[PDB]
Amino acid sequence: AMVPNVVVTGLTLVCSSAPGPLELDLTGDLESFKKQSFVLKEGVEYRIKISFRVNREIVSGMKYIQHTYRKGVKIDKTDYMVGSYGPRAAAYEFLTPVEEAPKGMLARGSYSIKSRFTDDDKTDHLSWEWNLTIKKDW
């Protein structure tokens, strides 16, 4: 009861080219993302931004983990060391390095991503699943 020490609040694809917002509110119903997708134009640059709050005490070794699937088949895994954080009023933001969306006809289509935010105590701060659809155009 009932403000947890760590609350993962959002995922955003930061993409200058995109004509609309690309945000998941992670304080919401996580199951809903499975039938939703972010659309990205092929080859566009973007970062993933994870927003999270620390409310009471230091947390060490925060880590963001992504696994990428295509048609239910695992194709990639990436781990990002986020670091050690103490409490503060404002949400922290972790940004992945710039990446490009896949490009070329064979690579277009939908991909699913399983995301986890954890720490060196292996706490399941949040796990969620979301989809990315790569298209010729926005």
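Don't overthink the numbering: it's just position in the shown sequence, from 1.
- Just going by the entry, 27 to 35 versus 54 to 62 on mean CA temperature factor gives the higher value to 27 to 35.
- Looking at 45 to 53 and 99 to 107 together, the entry lists the larger mean B-factor for 99 to 107, computed on C-alpha atoms.
- In the deposited entry, the Cα temperature factor of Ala1 sits in the top third of values across the chain's modelled residues.
- Sort the chain's modelled residues by C-alpha temperature factor and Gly20 lands in the middle third, per the entry.
- Per-chain ranking of the deposited C-alpha B factor places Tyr80 in the highest third.
- When the modelled residues of the chain are ordered by their C-alpha B factor, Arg88 lands in the lowest third.
- Ranked by C-alpha B-factor against the other modelled residues of its chain, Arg70 falls in the lowest third.
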